[PDB]
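A.B. asks: Starting from these lines, generate the structure:
(one chain, ligands or ions: 3)
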Amino acid sequence: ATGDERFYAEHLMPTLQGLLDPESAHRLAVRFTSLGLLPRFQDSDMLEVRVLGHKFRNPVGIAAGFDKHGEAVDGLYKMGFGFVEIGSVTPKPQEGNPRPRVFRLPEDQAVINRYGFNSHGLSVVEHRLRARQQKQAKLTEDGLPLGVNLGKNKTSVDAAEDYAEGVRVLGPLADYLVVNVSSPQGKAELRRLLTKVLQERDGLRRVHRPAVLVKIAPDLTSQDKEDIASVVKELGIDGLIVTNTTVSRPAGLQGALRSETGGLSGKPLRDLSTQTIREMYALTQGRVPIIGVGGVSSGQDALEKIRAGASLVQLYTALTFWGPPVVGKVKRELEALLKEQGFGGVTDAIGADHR
Ligand SMILES: CCN(CCO)C(=O)Nc1cc(O[C@@H](C)C(F)(F)F)c(C(=O)Nc2c(F)cccc2Cl)cc1F
Ligand SMILES: Cc1cc2nc3c(=O)[nH]c(=O)nc-3n(C[C@H](O)[C@H](O)[C@H](O)COP(=O)(O)O)c2cc1C
Ligand SMILES: O=C(O)c1cc(=O)[nH]c(=O)[nH]1
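C.D. replies: Numbers count the residues shown, from 1 in each chain. Ligands and ions are numbered 1, 2, ... in the order given. Okay, here it is:
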């Protein structure tokens with residue numbers, strides 16, 4: 001462990017989190033990242049993964065929700081992420097829920113949020129990506145892809161049409177798109193929706209045609225997961241992001257704010273996510289790439305998700321407590337563990353628990 005990792009985790013982040021409300025802290029983080037104001041890990045070949053029609057120089061991505069409006073993409077690559085996912089972006093601008101809407105549970109290394117899809121909207125984000133479109137084309141070619149998580153407006157009558165709007169507007173600027181699914185006449189509704197998203201995707205010109213992934217929560221029933229796996233295979237959905245935050249409250253949470261409404265992220269989600277990855281990988285016969293997310297704050301965490309079936313991983317909440325150096329830390333620890341377990345690279349470890 002580096003000097004920076006320890007200073008940030010032991011001193012700087014606790015101090016900053018004690019001086020700032022959580023929403024301000026997140027806002028500040030976006031502004032510092034967008035300005036490239038970052039502590040200074042060369043990515044080995046062993047971290048490279050090929051999936052989703054793309055080289056990923058390393059398999060550690062930034063999860064959706066950090067950079068909701070696509071303001072900090074370049075700084076997120078500078079921070080050392082192998083890929084960046086922006087959003088969720090809704091079609092029209094919207095404010096999201098009233099404040100306060102994000103909460104730290106430092107004793108649990110957890111966050112609860114109820115942002116409510118606060119979004120600048122498609123049009124603002126489209127112009128923002130357009131301004132750096134060619135810079136991104138070089139980044140993607142260099143193994144640093146961009147994802148866009150697409151949302152729906154609060155008062156949308158037609159969810160499918162909102163996502164279709166997102167495909168049309170941001171699909172041409174993305175390497176991959178993500179649509180968040182909640183509980184599924186439910187399987188048929190999901191089919192109808194994903195059909196429409198794929199049809200819209202397929203209507204884009206070849207060079208501007210993104211992969212489509214479905215992101216799930218960890219709170220689905222067995223039946224919901226079976227149905228999602230079935231639909232995903234039937235329709236040729238390109239991948240799964242496993243998982244979003246949980247509405248559960250695992251026994252053992254200590255933070256005072258544990259009973260705040262919202263999604264819980266960070267360490268208490270970790271194993272629930274991993275086991276979701278495991279089930280989705282088995283239900284799709286290892287044929288659907290999975291991006292694994294939820295409580296990754298170490299190499300071990302990352303490797304457990306990979307071995308359970310993830311091709312790639314994302315983290316977000318760990319940044320709250322470790323700051324930017326966590327990115328280098330996870331990569332360094334993952335590489336070391338890959339070597340200790342006999343894997344030539346990340347690719348060999350994907351789904352290794354199932355074999
Ligand atoms: C719960 C509130 N949430 C959102 C969930 O995570 C939050 O607090 N998040 C959160 C904060 C961060 O830092 C707050 C303290 C800052 F910005 F005020 F220092 C950073 C972070 O990486 N900061 C950072 C940076 F961008 C560039 C250079 C140095 C630093 Cl230290 C990331 C985060 F995800
Ligand atoms: C403050 C906050 C905002 C989030 N916003 C989004 C979002 O807009 N769309 C989305 O798909 N996921 C969102 N997430 C979920 C993350 O993408 C991720 O799935 C979840 O936090 C689990 O990963 P983590 O434990 O590493 O944070 C958000 C998470 C947090 C903590
Ligand atoms: O904006 C939010 O509230 C949000 C969206 C999402 O997909 N996940 C989450 O935890 N929060």
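
A.B. asks: for residue 87, helix, strand, or coil?
C.D. replies: The three-state label given to residue 87 by DSSP: H, G, I helix; E, B strand; the rest coil is strand.

A.B. asks: ditto for the one 5 residues further on
C.D. replies: Using three-state DSSP, the structure places residue 92 in coil.

A.B. asks: from the middle of its chain, how far away would the top helix by length along the chain be?
C.D. replies: What stands out as the longest helix in the chain, according to DSSP state H, is helix 186-202. Averaging C-alpha positions (C-alpha atoms, centre = their mean, to the nearest Å) puts helix 186-202 21 Å from its chain's average.

A.B. asks: and what of stretch 334-345?
C.D. replies: For stretch 334-345, the separation from the chain centroid amounts to 23 Å (computed by C-alpha atoms, centre = their mean).

A.B. asks: re the thing from before, now do the helix or strand following the longest helix of the chain: which elements does it pack against?
C.D. replies: Helices and strands here follow DSSP states H and E; after helix 186-202, the next one along the chain is strand 211-216. Secondary-structure packing of strand 211-216 (3 or more C-beta pairs under 8 Å, 6 or more residues apart in numbering; DSSP states H and E): strand 176-181, helix 186-202, helix 222-235, strand 239-242. (C-beta placed from N, C-alpha, C; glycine too.)

A.B. asks: Turn these into a markdown table, columns for distance to residue 326 and mean neighbour count.
C.D. replies: Output for the helices and strands packed on strand 211-216, formatted as a markdown table (distance: least, C-beta to C-beta, whole Å; neighbours: other C-beta atoms under 10 Å):
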| stretch | distance to residue 326 | mean neighbour count |
| --- | --- | --- |
| strand 176-181 | 22 | 23 |
| helix 186-202 | 33 | 16 |
| helix 222-235 | 30 | 17 |
| strand 239-242 | 20 | 28 |
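
A.B. asks: and these as TSV, adding distance to ligand 1?
C.D. replies: What follows is these, written out as TSV (distance: least, C-beta to the nearest ligand atom, whole Å):
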stretch	distance to ligand 1
strand 176-181	18
helix 186-202	28
helix 222-235	27
strand 239-242	18
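
A.B. asks: Can you add distance to residue 17 and give the ones you listed back as TSV?
C.D. replies: Output for the helices and strands packed on strand 211-216, formatted as TSV (distance: least, C-beta to C-beta, whole Å):
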stretch	distance to residue 17
strand 176-181	28
helix 186-202	38
helix 222-235	35
strand 239-242	27
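
A.B. asks: Point out the residues in the stretch 201-350 of the chain that sit beside ligand 2.
C.D. replies: Selection of the stretch 201-350 of the chain residues close to ligand 2 by C-beta under 6 Å from any ligand atom yields 215, 244-245, 265-266, 269, 293-296, 315-318.

A.B. asks: Mind giving me the packing neighbours of the host helix or strand of residue 28?
C.D. replies: Assigned by DSSP H and E, residue 28 belongs to helix 22-34. Counting contacts by 3+ C-beta pairs under 8 Å, 6+ apart, helix 22-34 packs against helix 73-78, strand 102-105.

A.B. asks: what about it and ligand 3, touching?
C.D. replies: No: using C-beta under 6 Å from any ligand atom, helix 22-34 never reaches ligand 3; the gap is at least 11.5 Å.

A.B. asks: buried ones in that helix?
C.D. replies: 22, 23, 25, 26, 29, 30, 33, 34 (16 or more other C-beta atoms under 10 Å).

A.B. asks: Let's have the residues you listed in JSON lines, adding distance to residue 230.
C.D. replies: Formatted as JSON lines, those follow (distance: C-beta to C-beta, whole Å):
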{"residue": "22", "distance to residue 230": "39"}
{"residue": "23", "distance to residue 230": "39"}
{"residue": "25", "distance to residue 230": "41"}
{"residue": "26", "distance to residue 230": "37"}
{"residue": "29", "distance to residue 230": "39"}
{"residue": "30", "distance to residue 230": "38"}
{"residue": "33", "distance to residue 230": "39"}
{"residue": "34", "distance to residue 230": "41"}
